[PDB]
Amino acid sequence: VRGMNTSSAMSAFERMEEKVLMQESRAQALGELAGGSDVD
Amino acid sequence: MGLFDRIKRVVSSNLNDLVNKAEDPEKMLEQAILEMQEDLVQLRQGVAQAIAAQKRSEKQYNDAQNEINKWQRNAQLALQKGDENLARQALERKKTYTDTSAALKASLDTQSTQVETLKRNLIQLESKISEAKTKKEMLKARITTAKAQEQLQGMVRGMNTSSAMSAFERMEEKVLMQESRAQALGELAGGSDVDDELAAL
Amino acid sequence: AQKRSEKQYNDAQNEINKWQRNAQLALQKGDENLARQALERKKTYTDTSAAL
């Protein structure tokens, strides 16, 4: 399960998952920072 | 609080951050999956032993049941050949087998329930490992999305995250400066009249 | 980090309405027991929403 750390394998898996999500969030924020009615 | 506790907390907080920098997602995801599967394999064998023990218990139950009828047949053979002595003695002994049959079936039932629960758990674990194996590919897709978006931002004029854009903009500015030099040199050393025709037509 | 925090806020807000709907489903099918228990738990989510 996501929220418990009894197993080392899940610990590592979730840690890498969070690292990658953070990296993508960094990319998105950098996108924002530097910068359908009509077709409806 | 203490002092040795504090020193060891500092040393640990340094070593852990040293390690967490070496971890690389693309490889540790696979390593986690590999160990996941190893553990599942080692659980299969426990389930197998449970099943084998159930087979043994049912076989014992069947054999006791068969001996019950065997001794009933022995009683009938006594009735055919012998007398009431052997005929009654056969059932006298058959008492024990009738007892043991139920005494064993009671536990055989619980054993069966346990084996069923174990099989269910094994299937659940297989499903969850498959889900994780899909999540790994989804995470790789996210990595690619991140790198693509970072590529796009490097294309904007005012930021220097990408070396290619750095060089491109540098040459652009150099050339604009050269043209400006030419224009200034032009200035340094050195439409009302034709708008009248617009009145003609 | 701000994006993450707002997403958590939104999810807690959504779960508040989810458990309200569960209470209504209890009212439709179940009885006062489940209907009241849904809001009993919803207390925590209402707390966390503001705390976040």
# chains A, B, ... in the order shown; residues from 1 in each chain; ligands from 1
$ closest_atom_pairs --of "chain C" --to "region 15-29 of chain A" --cutoff "9 Å" --atoms "only C-alpha atoms" --output "JSON lines"
{"residue": "C:1", "atom": "CA", "partner": "A:25", "partner_atom": "CA", "distance": 8.3}
{"residue": "C:3", "atom": "CA", "partner": "A:25", "partner_atom": "CA", "distance": 8.2}
{"residue": "C:4", "atom": "CA", "partner": "A:25", "partner_atom": "CA", "distance": 8.7}
$ closest_atom_pairs --of "chain B" --to "chain A" --cutoff "7 Å" --atoms "only C-alpha atoms" --output "JSON lines"
{"residue": "B:25", "atom": "CA", "partner": "A:16", "partner_atom": "CA", "distance": 5.2}
{"residue": "B:29", "atom": "CA", "partner": "A:13", "partner_atom": "CA", "distance": 5.7}
{"residue": "B:32", "atom": "CA", "partner": "A:9", "partner_atom": "CA", "distance": 4.9}
{"residue": "B:35", "atom": "CA", "partner": "A:9", "partner_atom": "CA", "distance": 6.7}
{"residue": "B:36", "atom": "CA", "partner": "A:9", "partner_atom": "CA", "distance": 6.6}
{"residue": "B:139", "atom": "CA", "partner": "A:17", "partner_atom": "CA", "distance": 7.0}
{"residue": "B:142", "atom": "CA", "partner": "A:24", "partner_atom": "CA", "distance": 6.7}
{"residue": "B:143", "atom": "CA", "partner": "A:20", "partner_atom": "CA", "distance": 6.5}
{"residue": "B:146", "atom": "CA", "partner": "A:24", "partner_atom": "CA", "distance": 4.5}
{"residue": "B:149", "atom": "CA", "partner": "A:27", "partner_atom": "CA", "distance": 6.0}
{"residue": "B:150", "atom": "CA", "partner": "A:27", "partner_atom": "CA", "distance": 5.6}
{"residue": "B:153", "atom": "CA", "partner": "A:31", "partner_atom": "CA", "distance": 6.0}
$ residues_around --residues "residue 17 (chain C)" --least-positions-apart "4" --cutoff "12 Å" --atoms "only C-alpha atoms" --output "PyMOL selection string"
chain C and resi 10-13+21-24+38-39+41-43+45-46+49
$ write_last_selection --atoms "N, CA, C and O atoms" --output "PDB file, in the first residue's frame"
ATOM      1  N   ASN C  10      -7.642  20.491  -2.681  1.00  0.00           N
ATOM      2  CA  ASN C  10      -8.763  20.125  -3.539  1.00  0.00           C
ATOM      3  C   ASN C  10      -9.243  18.713  -3.246  1.00  0.00           C
ATOM      4  O   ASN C  10     -10.450  18.452  -3.224  1.00  0.00           O
ATOM      5  N   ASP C  11      -8.314  17.780  -3.044  1.00  0.00           N
ATOM      6  CA  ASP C  11      -8.710  16.397  -2.803  1.00  0.00           C
ATOM      7  C   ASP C  11      -9.465  16.265  -1.487  1.00  0.00           C
ATOM      8  O   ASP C  11     -10.473  15.553  -1.406  1.00  0.00           O
ATOM      9  N   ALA C  12      -8.994  16.943  -0.441  1.00  0.00           N
ATOM     10  CA  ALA C  12      -9.724  16.911   0.824  1.00  0.00           C
ATOM     11  C   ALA C  12     -11.116  17.506   0.658  1.00  0.00           C
ATOM     12  O   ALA C  12     -12.109  16.969   1.173  1.00  0.00           O
ATOM     13  N   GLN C  13     -11.208  18.620  -0.074  1.00  0.00           N
ATOM     14  CA  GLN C  13     -12.507  19.228  -0.328  1.00  0.00           C
ATOM     15  C   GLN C  13     -13.436  18.262  -1.050  1.00  0.00           C
ATOM     16  O   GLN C  13     -14.616  18.150  -0.699  1.00  0.00           O
ATOM     17  N   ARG C  21     -22.201  12.671   0.301  1.00  0.00           N
ATOM     18  CA  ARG C  21     -22.978  11.827  -0.599  1.00  0.00           C
ATOM     19  C   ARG C  21     -23.164  10.433  -0.016  1.00  0.00           C
ATOM     20  O   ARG C  21     -24.214   9.814  -0.201  1.00  0.00           O
ATOM     21  N   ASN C  22     -22.140   9.912   0.660  1.00  0.00           N
ATOM     22  CA  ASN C  22     -22.280   8.620   1.325  1.00  0.00           C
ATOM     23  C   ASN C  22     -23.344   8.681   2.414  1.00  0.00           C
ATOM     24  O   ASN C  22     -24.124   7.737   2.586  1.00  0.00           O
ATOM     25  N   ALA C  23     -23.386   9.782   3.166  1.00  0.00           N
ATOM     26  CA  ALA C  23     -24.447   9.961   4.154  1.00  0.00           C
ATOM     27  C   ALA C  23     -25.818   9.963   3.486  1.00  0.00           C
ATOM     28  O   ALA C  23     -26.769   9.344   3.983  1.00  0.00           O
ATOM     29  N   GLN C  24     -25.940  10.666   2.358  1.00  0.00           N
ATOM     30  CA  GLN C  24     -27.212  10.688   1.640  1.00  0.00           C
ATOM     31  C   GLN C  24     -27.584   9.297   1.134  1.00  0.00           C
ATOM     32  O   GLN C  24     -28.759   8.910   1.155  1.00  0.00           O
ATOM     33  N   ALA C  38     -21.216   8.736   8.498  1.00  0.00           N
ATOM     34  CA  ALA C  38     -20.565   9.422   7.391  1.00  0.00           C
ATOM     35  C   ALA C  38     -20.123  10.819   7.807  1.00  0.00           C
ATOM     36  O   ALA C  38     -18.968  11.207   7.598  1.00  0.00           O
ATOM     37  N   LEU C  39     -21.024  11.583   8.426  1.00  0.00           N
ATOM     38  CA  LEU C  39     -20.664  12.921   8.882  1.00  0.00           C
ATOM     39  C   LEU C  39     -19.716  12.884  10.073  1.00  0.00           C
ATOM     40  O   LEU C  39     -18.855  13.768  10.200  1.00  0.00           O
ATOM     41  N   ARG C  41     -17.233  10.905  10.428  1.00  0.00           N
ATOM     42  CA  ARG C  41     -15.911  10.900   9.808  1.00  0.00           C
ATOM     43  C   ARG C  41     -15.641  12.200   9.057  1.00  0.00           C
ATOM     44  O   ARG C  41     -14.512  12.701   9.068  1.00  0.00           O
ATOM     45  N   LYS C  42     -16.663  12.764   8.406  1.00  0.00           N
ATOM     46  CA  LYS C  42     -16.478  13.989   7.635  1.00  0.00           C
ATOM     47  C   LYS C  42     -15.978  15.134   8.506  1.00  0.00           C
ATOM     48  O   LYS C  42     -15.426  16.119   7.992  1.00  0.00           O
ATOM     49  N   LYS C  43     -16.190  15.037   9.818  1.00  0.00           N
ATOM     50  CA  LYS C  43     -15.638  16.034  10.732  1.00  0.00           C
ATOM     51  C   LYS C  43     -14.148  16.249  10.474  1.00  0.00           C
ATOM     52  O   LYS C  43     -13.672  17.389  10.364  1.00  0.00           O
ATOM     53  N   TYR C  45     -12.249  15.625   7.855  1.00  0.00           N
ATOM     54  CA  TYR C  45     -11.927  16.247   6.579  1.00  0.00           C
ATOM     55  C   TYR C  45     -12.244  17.732   6.606  1.00  0.00           C
ATOM     56  O   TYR C  45     -11.481  18.548   6.072  1.00  0.00           O
ATOM     57  N   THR C  46     -13.359  18.109   7.232  1.00  0.00           N
ATOM     58  CA  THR C  46     -13.660  19.532   7.358  1.00  0.00           C
ATOM     59  C   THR C  46     -12.583  20.244   8.163  1.00  0.00           C
ATOM     60  O   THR C  46     -12.230  21.390   7.863  1.00  0.00           O
ATOM     61  N   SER C  49      -9.294  20.504   5.901  1.00  0.00           N
ATOM     62  CA  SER C  49      -9.392  21.448   4.793  1.00  0.00           C
ATOM     63  C   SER C  49      -8.923  22.836   5.218  1.00  0.00           C
ATOM     64  O   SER C  49      -8.074  23.448   4.558  1.00  0.00           O
TER      65      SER C  49
END
$ atom_distance --atom1 "CA of residue 148 (chain B)" --atom2 "CA of residue 28 (chain B)"
22.2 Å
$ residues_around --residues "residue 95 (chain B)" --least-positions-apart "6" --cutoff "10 Å" --atoms "only C-alpha atoms" --output "ChimeraX atom specification"
/B:68,71,89
$ write_last_selection --atoms "C-alpha atoms" --output "compact mmCIF listing (two decimals), in the first residue's frame"
# COMPACT_ATOMS: atom_id res chain seq x y z
CA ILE B 68 -15.23 -48.52 8.21
CA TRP B 71 -15.01 -53.89 8.99
CA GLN B 89 -16.67 -57.70 17.48
$ select_by_dssp --residues "region 153-187 of chain B" --states "alpha helix (DSSP H)" --output "PDB file with N, CA, C and O atoms, in the first residue's frame"
ATOM      1  N   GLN B 153      11.285  25.133 -22.762  1.00  0.00           N
ATOM      2  CA  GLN B 153      11.596  26.388 -22.089  1.00  0.00           C
ATOM      3  C   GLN B 153      12.960  26.915 -22.501  1.00  0.00           C
ATOM      4  O   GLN B 153      13.138  28.130 -22.638  1.00  0.00           O
ATOM      5  N   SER B 163      22.490  25.091 -24.004  1.00  0.00           N
ATOM      6  CA  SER B 163      23.698  25.634 -24.613  1.00  0.00           C
ATOM      7  C   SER B 163      23.462  26.026 -26.066  1.00  0.00           C
ATOM      8  O   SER B 163      24.025  27.015 -26.548  1.00  0.00           O
ATOM      9  N   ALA B 164      22.646  25.258 -26.785  1.00  0.00           N
ATOM     10  CA  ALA B 164      22.371  25.580 -28.179  1.00  0.00           C
ATOM     11  C   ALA B 164      21.743  26.961 -28.302  1.00  0.00           C
ATOM     12  O   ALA B 164      22.181  27.786 -29.108  1.00  0.00           O
ATOM     13  N   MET B 165      20.709  27.235 -27.506  1.00  0.00           N
ATOM     14  CA  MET B 165      20.136  28.574 -27.510  1.00  0.00           C
ATOM     15  C   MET B 165      21.141  29.616 -27.070  1.00  0.00           C
ATOM     16  O   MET B 165      21.151  30.726 -27.604  1.00  0.00           O
ATOM     17  N   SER B 166      21.967  29.307 -26.078  1.00  0.00           N
ATOM     18  CA  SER B 166      22.985  30.266 -25.683  1.00  0.00           C
ATOM     19  C   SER B 166      23.800  30.698 -26.893  1.00  0.00           C
ATOM     20  O   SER B 166      23.916  31.894 -27.186  1.00  0.00           O
ATOM     21  N   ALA B 167      24.331  29.730 -27.642  1.00  0.00           N
ATOM     22  CA  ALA B 167      25.154  30.069 -28.798  1.00  0.00           C
ATOM     23  C   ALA B 167      24.345  30.800 -29.857  1.00  0.00           C
ATOM     24  O   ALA B 167      24.815  31.782 -30.446  1.00  0.00           O
ATOM     25  N   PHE B 168      23.125  30.340 -30.115  1.00  0.00           N
ATOM     26  CA  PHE B 168      22.314  30.962 -31.151  1.00  0.00           C
ATOM     27  C   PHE B 168      22.058  32.429 -30.832  1.00  0.00           C
ATOM     28  O   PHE B 168      22.277  33.311 -31.671  1.00  0.00           O
ATOM     29  N   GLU B 169      21.614  32.714 -29.609  1.00  0.00           N
ATOM     30  CA  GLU B 169      21.335  34.089 -29.227  1.00  0.00           C
ATOM     31  C   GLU B 169      22.600  34.927 -29.234  1.00  0.00           C
ATOM     32  O   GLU B 169      22.570  36.104 -29.607  1.00  0.00           O
ATOM     33  N   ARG B 170      23.722  34.354 -28.803  1.00  0.00           N
ATOM     34  CA  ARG B 170      24.960  35.121 -28.800  1.00  0.00           C
ATOM     35  C   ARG B 170      25.321  35.567 -30.210  1.00  0.00           C
ATOM     36  O   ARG B 170      25.659  36.736 -30.437  1.00  0.00           O
ATOM     37  N   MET B 171      25.236  34.654 -31.179  1.00  0.00           N
ATOM     38  CA  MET B 171      25.531  35.043 -32.557  1.00  0.00           C
ATOM     39  C   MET B 171      24.508  36.043 -33.079  1.00  0.00           C
ATOM     40  O   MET B 171      24.856  36.969 -33.824  1.00  0.00           O
ATOM     41  N   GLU B 172      23.241  35.875 -32.709  1.00  0.00           N
ATOM     42  CA  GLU B 172      22.229  36.829 -33.143  1.00  0.00           C
ATOM     43  C   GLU B 172      22.577  38.235 -32.675  1.00  0.00           C
ATOM     44  O   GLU B 172      22.532  39.196 -33.451  1.00  0.00           O
ATOM     45  N   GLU B 173      22.927  38.373 -31.397  1.00  0.00           N
ATOM     46  CA  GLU B 173      23.271  39.688 -30.868  1.00  0.00           C
ATOM     47  C   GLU B 173      24.527  40.232 -31.527  1.00  0.00           C
ATOM     48  O   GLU B 173      24.617  41.429 -31.810  1.00  0.00           O
ATOM     49  N   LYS B 174      25.509  39.370 -31.777  1.00  0.00           N
ATOM     50  CA  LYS B 174      26.715  39.834 -32.452  1.00  0.00           C
ATOM     51  C   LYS B 174      26.381  40.427 -33.814  1.00  0.00           C
ATOM     52  O   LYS B 174      26.885  41.497 -34.181  1.00  0.00           O
ATOM     53  N   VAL B 175      25.514  39.757 -34.571  1.00  0.00           N
ATOM     54  CA  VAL B 175      25.191  40.237 -35.910  1.00  0.00           C
ATOM     55  C   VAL B 175      24.360  41.513 -35.846  1.00  0.00           C
ATOM     56  O   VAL B 175      24.547  42.433 -36.654  1.00  0.00           O
ATOM     57  N   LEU B 176      23.417  41.589 -34.911  1.00  0.00           N
ATOM     58  CA  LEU B 176      22.655  42.823 -34.777  1.00  0.00           C
ATOM     59  C   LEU B 176      23.575  43.985 -34.445  1.00  0.00           C
ATOM     60  O   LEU B 176      23.416  45.087 -34.980  1.00  0.00           O
ATOM     61  N   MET B 177      24.552  43.759 -33.567  1.00  0.00           N
ATOM     62  CA  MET B 177      25.508  44.811 -33.249  1.00  0.00           C
ATOM     63  C   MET B 177      26.306  45.218 -34.475  1.00  0.00           C
ATOM     64  O   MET B 177      26.574  46.404 -34.680  1.00  0.00           O
ATOM     65  N   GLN B 178      26.712  44.254 -35.297  1.00  0.00           N
ATOM     66  CA  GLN B 178      27.457  44.597 -36.504  1.00  0.00           C
ATOM     67  C   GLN B 178      26.623  45.473 -37.434  1.00  0.00           C
ATOM     68  O   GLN B 178      27.110  46.480 -37.971  1.00  0.00           O
ATOM     69  N   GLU B 179      25.356  45.113 -37.634  1.00  0.00           N
ATOM     70  CA  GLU B 179      24.496  45.940 -38.478  1.00  0.00           C
ATOM     71  C   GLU B 179      24.315  47.329 -37.884  1.00  0.00           C
ATOM     72  O   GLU B 179      24.292  48.329 -38.612  1.00  0.00           O
ATOM     73  N   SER B 180      24.158  47.412 -36.564  1.00  0.00           N
ATOM     74  CA  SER B 180      24.026  48.718 -35.936  1.00  0.00           C
ATOM     75  C   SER B 180      25.280  49.550 -36.138  1.00  0.00           C
ATOM     76  O   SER B 180      25.191  50.763 -36.349  1.00  0.00           O
ATOM     77  N   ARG B 181      26.453  48.922 -36.065  1.00  0.00           N
ATOM     78  CA  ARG B 181      27.688  49.633 -36.363  1.00  0.00           C
ATOM     79  C   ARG B 181      27.645  50.207 -37.765  1.00  0.00           C
ATOM     80  O   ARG B 181      27.995  51.370 -37.987  1.00  0.00           O
ATOM     81  N   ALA B 182      27.228  49.396 -38.734  1.00  0.00           N
ATOM     82  CA  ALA B 182      27.173  49.891 -40.103  1.00  0.00           C
ATOM     83  C   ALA B 182      26.232  51.082 -40.216  1.00  0.00           C
ATOM     84  O   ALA B 182      26.554  52.082 -40.870  1.00  0.00           O
ATOM     85  N   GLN B 183      25.068  51.003 -39.576  1.00  0.00           N
ATOM     86  CA  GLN B 183      24.100  52.095 -39.674  1.00  0.00           C
ATOM     87  C   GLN B 183      24.641  53.369 -39.034  1.00  0.00           C
ATOM     88  O   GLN B 183      24.480  54.473 -39.573  1.00  0.00           O
ATOM     89  N   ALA B 184      25.267  53.239 -37.865  1.00  0.00           N
ATOM     90  CA  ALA B 184      25.843  54.405 -37.214  1.00  0.00           C
ATOM     91  C   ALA B 184      26.925  55.025 -38.073  1.00  0.00           C
ATOM     92  O   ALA B 184      27.001  56.251 -38.184  1.00  0.00           O
ATOM     93  N   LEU B 185      27.770  54.200 -38.684  1.00  0.00           N
ATOM     94  CA  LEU B 185      28.794  54.738 -39.566  1.00  0.00           C
ATOM     95  C   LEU B 185      28.158  55.452 -40.745  1.00  0.00           C
ATOM     96  O   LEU B 185      28.700  56.449 -41.233  1.00  0.00           O
ATOM     97  N   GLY B 186      27.015  54.952 -41.214  1.00  0.00           N
ATOM     98  CA  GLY B 186      26.281  55.660 -42.251  1.00  0.00           C
ATOM     99  C   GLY B 186      25.859  57.044 -41.812  1.00  0.00           C
ATOM    100  O   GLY B 186      26.078  58.032 -42.513  1.00  0.00           O
ATOM    101  N   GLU B 187      25.260  57.133 -40.628  1.00  0.00           N
ATOM    102  CA  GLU B 187      24.801  58.430 -40.137  1.00  0.00           C
ATOM    103  C   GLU B 187      25.970  59.382 -39.919  1.00  0.00           C
ATOM    104  O   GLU B 187      25.883  60.569 -40.249  1.00  0.00           O
TER     105      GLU B 187
END
